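Visitor: Can you look at this? It's an experimental structure, sequence on top.
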Amino acid sequence: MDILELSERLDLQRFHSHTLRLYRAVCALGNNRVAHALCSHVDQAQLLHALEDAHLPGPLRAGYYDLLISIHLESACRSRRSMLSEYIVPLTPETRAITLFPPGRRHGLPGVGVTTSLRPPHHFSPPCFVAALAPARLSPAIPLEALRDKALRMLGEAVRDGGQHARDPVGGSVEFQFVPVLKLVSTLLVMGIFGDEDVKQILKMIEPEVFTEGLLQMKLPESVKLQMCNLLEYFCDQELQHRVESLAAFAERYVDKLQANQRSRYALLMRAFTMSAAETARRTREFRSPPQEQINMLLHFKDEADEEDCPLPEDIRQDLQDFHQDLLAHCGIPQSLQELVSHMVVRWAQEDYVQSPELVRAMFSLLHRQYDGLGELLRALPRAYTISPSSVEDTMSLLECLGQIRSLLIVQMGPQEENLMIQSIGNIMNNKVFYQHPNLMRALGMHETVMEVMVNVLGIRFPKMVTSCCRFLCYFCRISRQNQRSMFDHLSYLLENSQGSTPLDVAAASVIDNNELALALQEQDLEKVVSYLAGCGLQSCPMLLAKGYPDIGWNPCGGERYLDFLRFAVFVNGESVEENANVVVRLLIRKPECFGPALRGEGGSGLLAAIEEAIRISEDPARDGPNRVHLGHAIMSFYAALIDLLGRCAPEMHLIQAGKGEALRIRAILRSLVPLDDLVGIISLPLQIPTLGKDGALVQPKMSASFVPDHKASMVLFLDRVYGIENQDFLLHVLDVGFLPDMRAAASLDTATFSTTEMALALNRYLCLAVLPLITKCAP
Amino acid sequence: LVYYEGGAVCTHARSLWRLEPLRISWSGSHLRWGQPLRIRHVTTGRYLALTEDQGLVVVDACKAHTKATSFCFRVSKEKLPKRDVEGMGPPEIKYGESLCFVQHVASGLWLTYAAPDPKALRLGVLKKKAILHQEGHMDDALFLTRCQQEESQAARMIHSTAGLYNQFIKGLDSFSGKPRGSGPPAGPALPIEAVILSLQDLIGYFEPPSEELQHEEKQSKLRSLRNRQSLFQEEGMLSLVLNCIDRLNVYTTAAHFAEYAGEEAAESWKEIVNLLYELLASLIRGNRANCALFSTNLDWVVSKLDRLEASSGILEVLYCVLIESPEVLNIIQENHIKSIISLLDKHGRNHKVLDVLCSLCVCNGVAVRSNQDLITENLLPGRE
Amino acid sequence: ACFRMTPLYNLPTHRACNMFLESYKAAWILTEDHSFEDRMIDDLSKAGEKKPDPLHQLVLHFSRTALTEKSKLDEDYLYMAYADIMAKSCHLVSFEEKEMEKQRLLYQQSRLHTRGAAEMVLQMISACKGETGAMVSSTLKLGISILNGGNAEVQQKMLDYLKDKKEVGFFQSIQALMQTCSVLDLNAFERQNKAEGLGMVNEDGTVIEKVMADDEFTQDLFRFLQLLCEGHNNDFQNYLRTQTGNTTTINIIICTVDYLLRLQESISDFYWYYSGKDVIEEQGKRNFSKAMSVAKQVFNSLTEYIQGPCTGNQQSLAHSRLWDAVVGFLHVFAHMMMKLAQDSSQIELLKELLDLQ
Amino acid sequence: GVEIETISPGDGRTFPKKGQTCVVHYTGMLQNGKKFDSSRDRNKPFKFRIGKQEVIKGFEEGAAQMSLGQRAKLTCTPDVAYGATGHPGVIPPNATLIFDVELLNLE
């Protein structure tokens, strides 16, 4: 039966309208793999037919208009719409030609002009079902120019017959006549399809007098008014984009002058200071301040209280004054878009009591942006960046990768989405722009997007994506000092959710080696880590329980980790962070279970005894665990890490010789916390050296699962920092009991065959880092 | 067994007690210090008591003999019933004030919290059991707060609904097997008219606020409705209804029910089984929590979609669950989608089924691609 | 650094154009001032030839967002911008002159509170559910703007709204806010002392407060409460103490006193910190002055609560531990007077000290 | 696997050798008689290089027997078509396709 027979077959209308809602749902939010399938159930010709069909009932007209957008345009629209808030403007001559007002001071038409901001081209693929049989599929191609011309034509037909208000409400009502077409035109405007002549046509159909019957030349429902708001917001965004682009073009044309006169001035000053000196001695401060403090000095000639302080000649100051006046005039400080919107919004509000909350919100957002133009430019200039014309290609690729990442935030995670995240993130990290332009990356807010996806996955399933995100963020933080500070504000989160790389090493990447960032920890955030340590020293991992392990009383696997972050927050750049030093000590002793099974006090075991027990547990297979994880090394790692960290908090020499009360108190507390005999005893362990011979073949002990000598390094540090070497006798004691039998262990290992055995390398690093420097210091 | 519990429990109904003085006349008089009074749990109708075996308990109403259940709020633990005054009385105790110690009247014992905090509290949070002690701690004084009339009414509705539906369930379990033959029903009469009326009343109790209701009124009534639904759910009224459905579901049709219950009883089988499915939706409509309860018994709902006795009601329950909970969307498998689609083939072209399928793809602006792919792969390529 | 500082003329063009943008924005665009709030509110207020006028549809819309049953109140930059606009609108020695200024301000506040602004302010304070942030700050500043001078009409409207809605949310959120209000600290002060001690220079970068950080918000909150009871209203001075009709009551007066005790604790902690240091350095001057401004506002709020002879609030304070606070304060006052008197560079701080006393 | 049935003769002289793009306008239908694709609706001829295995197999032995301008009907069995997997959402598994193919131009 004809589909227009669904004007009186209402049950089939309901079923079919909801069938189209089902189609739009199954292809919604990026599923281009299903959009291709739906192009075989509703083809282009049916869609383009239903767009122009006058007798379709409204619920089906709107449905077939929404279906076209969903199948073909919606993904490209959202991807473009996400890039419409960041203005990367390349310093090309095309950019250089941009001016606020068209030459020959009238506003030009909004949306009509030259725009150089980078927006990546949006990709389509043809729909064919005879192609042989996984990179993400692109949206089905529809001829955009024919569609655009049809959209303009339909909009034009609906308007000059809107004024007549005949009883021809194509679709059954004015709402169904207009809203579906306005949605399509708004979508195609946002995507970027419309040329300049087409934009002029749209503007004339909106308001013929201001832009040279209009859509405001007849009364409208509150659903059409919303789409009018969605069009005017586009033209209000293009004016802001124009302001930012013209301001970037002016920056390009004006920093050249500020550089040329700086160089000529420097030449003149170089001729000076010769036989004419001590009168220009101060005037070389400009050239020796940081470059922004030079560009911040130079631009100080607005208030007229600082005129001559600005070295700029008056001609140069004039260019900035004139452009500033132009900028003010452009911002408004009808015959104009601002006046048109400001009048029309108020008129709507005072003609009727608007019932749709969405309409009210859009109305008043538009009104705000019209009244406060200069405050809108000020809130977009944070997100404006000027790149050189050479970096355009890399930035374009990076923007495409970013779009992929932020397009999978409306999608519940799965396998394929995991793969796209990993590919995109690995691609960004391989882009030179990601390194060269850290400020762009924090301006685009990639770190926040990556944390959003990491939140969604953690809040574990999908460990690969977490490992990739936490690598990306740990690299973000190493790029530049401001990236750490940007990520440092997320420390509370990362500590809430705290292979090897995990949302804790991101937290320990924010604070590492930035003593200014260390001295911003909130004691409670150091506290929660200690809470996790407590939860790790009383029970054991259910993971190893599922791996059938001994499960003695406590897992050291999490304890070691959480004693690593606490090591990067107490000791930065080789000096002790006193403030963060004391707090962790207090929080550790207030909860004395965090110190492990040994050092528990009651029912205690000597630290030496505990290490000896872990030595004996290292060999017996029954008590080590029935591969990637072993225990004989695990307890040793935990205690070595604890001893290192406790050594870090020990005060440096300034406080110790200063007789500072808190310093001596903390040192005494640590001295009580661990005796001496165990310290020099774990110095005195036997270290199973790579055994020669054994039928001639090298058989080295696995120092991924044995007593690595690095364990002892920690206890070497503590002794230096806390107990110290004050008497020569104690030194000649430690030399025999623990030190020397190790150095000639290494010296025996110096042979050709055992030079490169991993034990030899570890022992060499050990001696050069811990023992030999201590001997050097105690040489006198 | 009583407890001192913290958290959201102090906005629930298990925490609501009712002070029942020992005088029927003037029972609403102003409470005075040290006057005898029973304390009745509202949602279970069990009186606080001191039994010899377990100390402090909540004994049933048949064993509250004024020696075990009598009590006396007192001001100070110093050693102090008054002559009844035929009036509202001299007002003594206030609300949110007036620290009061509860003293059992015969045993003198003060109500306190049991100090022992074992391994279960080594890492767990404290739920201090309440015990009666000879002398007790010095910090055991209690504020008395007041509950809104909505909460009190709901807490008493739960005490009657639970009793009624447990009678219904235990009646159904009387003839679970036991065919009637050609004789009489198995045991005592089912409370059918009472169940129908109670379900009808509870469906109106939970009716959504109307649309013409003006904005602020609408948003106040919504909060009240969410509160009442949470109370009923947390007192296990979304499990009593499920048990009633299951017991009434082992029978395919009313004649099958009649073969066990009787002709008159089976006259209301379809009506009851529809009212239960309506009340369930009324309980879960709009609550993300009550809809979250169905992340584990989703196969409970999907496996009843073909039942002809109440086929619209079960679909409505499914629609509410899917439209409110996004965690339910993640557990949908191909089994479930191939069953929701089979409703289209077996029950006709119904747009509500398409609405369900639309809700299976996007929940709160996030797309679940497995569901999209499954609907596309199963529904579409047949073109039938 | 002085040897290898790069003159701008060696930079690449883009990294200079990006410095220029920041300098231009800081020095030229930002410092530019434009008064549009008056004009915009005067255009939104007029109606065309009852149905709400355009401004009264704005107040109603933000009332709608506040009464929507959401667990937590969302970020709306639109509301935060319009609240600032409306606040600016109402902000703008002869007897005539003073009285004309007062009447003019009353008219400006009548533009708002005759269109529902007071109810919006109460609703959004209630809807924030005691979370510090920017929405609450904007709402409080709007409330202060429409209550300046003790606008009896606005106070009566607010009281009537709270009484008929019988909501416990408002006072359950004010209490939470005052509990979250920060108090003077030493630890954060010590840390930022050392953080500046690190230095000022960075590789192609320049270094950028965590002590008394929310002083503005705390001052605004207590100014709001004071403005609620200005004009010697008995109904407000008693409602703040007991909320009759509501299921539970929150005594705001004793909560103000309890905050003040935190405040005097911290204030005594600086005096003790500095009792050895012969001269209070500049950082101490700033932070101590900030604490003093907050203390002035808290003391003024307590006066307004009891200034009219509200007996209930008077003995509520008398039994409250207001006496510990004042007894403690007098110690700081006497000792800091002694120590500050010994230098001329600290005359300003001593003046602030005397005013606080 | 593919059964070519001439509907209207072409030239019977020039056949697509390997490596000549083939422009073909087509319409496709499941053997039960339902349509999944046409190029005529999209309005553009479909081009494919014979020998690069872009198209399904039967479509590639099939458009090779045709001549220039010929219009014929191919019946690709699932062996020389998609097969047991199918084109999910478009073609059900184990399906035979029928294509009305008109070889318009060679290259």
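Guide: Nice, I can see it. Numbering: from 1, shown residues only, chains lettered A, B, ... in the order given.

Visitor: count of residues packed around residue B:273?
Guide: 21 (other Cβ atoms under 10 Å in any protein chain shown). Where C-beta positions appear, they are placed from N, C-alpha and C, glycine not excepted.

Visitor: Now residue A:262: closest residue in space that isn't a chain neighbour?
Guide: Leaving aside its chain neighbours, residue A:262 sits nearest to residue C:9 (4.8 Å; criterion: Cβ to Cβ, 6 or more residues apart in numbering or on different chains).

Visitor: Is that neighbour located within a strand, as I assumed?
Guide: No - assessed with DSSP: H, G, I helix; E, B strand; the rest coil, residue C:9 is helix; it does not lie in a strand.

Visitor: wait, isn't it in contact with residue A:259?
Guide: Yes - contact criterion Cβ atoms under 8 Å: residue C:9 and residue A:259 qualify, at 4.2 Å.

Visitor: Between the two, point out the one with more neighbours.
Guide: Of the pair residue C:9 and residue A:259, residue C:9 is the one with more neighbours under other Cβ under 10 Å, namely 20 against 17.

Visitor: For that one, give me its contacts.
Guide: A:259, A:260, A:262, A:263, A:266 (Cβ atoms under 8 Å, 6 or more residues apart in numbering or on different chains).

Visitor: Need the single longest helix in the chain, by residues.
Guide: No chain specified, so I'll use chain A. helix A:222-271 (DSSP state H).

Visitor: switch to chain C, that's the one I care about
Guide: Under DSSP H, chain C gives helix C:282-307 as its longest helix.

Visitor: immediately after that one, which helix or strand?
Guide: Remark: after helix C:282-307, the chain's next helix or strand is helix C:311-319, criterion DSSP states H and E.

Visitor: hmm, that next one in reach of chain B?
Guide: No - applying Cβ under 8 Å from any Cβ of the partner chain, one finds helix C:311-319 separated from chain B by no less than 13.3 Å.

Visitor: Neighbours of the residue in chain D positioned nearest to chain A, how many?
Guide: Nearest residue of chain D to chain A (Cβ to the nearest Cβ) works out as residue D:89 at 3.3 Å. A total of 24 residues lie near residue D:89 under the criterion other Cβ under 10 Å.

Visitor: Name the nearest residue to residue C:223, sequence neighbours excluded.
Guide: residue C:144 (5.5 Å).

Visitor: Secondary structure element for that neighbour, which one?
Guide: Using DSSP H and E, residue C:144 sits in helix C:134-147.

Visitor: buried sites along that helix?
Guide: For helix C:134-147, the neighbour count (16 or more other Cβ atoms under 10 Å in any protein chain shown) marks C:135-147 as buried.

Visitor: Then residue B:38 would be within a strand, right?
Guide: Yes - looking at residue B:38 with three-state DSSP, it is inside a strand.

Visitor: Contacts only, for it.
Guide: B:19, B:20, B:21, B:22, B:47, B:48, B:64, B:66, B:69, B:70, B:71.

Visitor: Share the number of residues neighbouring the closest residue to chain D within the stretch 1-150 of chain B, please.
Guide: In the stretch 1-150 of chain B, the residue that lies nearest chain D is residue B:8 (45.7 Å; Cβ to the nearest Cβ). For residue B:8, the tally of surrounding residues (other Cβ under 10 Å) stands at 10.

Visitor: now the helices for the stretch 151-300 of chain C?
Guide: C:152-165, C:169-180, C:187-198, C:215-228, C:234-239, C:252-274, C:282-307 (DSSP state H, counting those that start in this stretch).

Visitor: And the fourth one, what does it pack against?
Guide: Based on contacts counted as 3 or more Cβ pairs under 8 Å, 6 or more residues apart in numbering or on different chains; DSSP states H and E, the elements that helix C:215-228 packs against are helix C:134-147, helix C:169-180, helix C:252-274, helix C:282-307.
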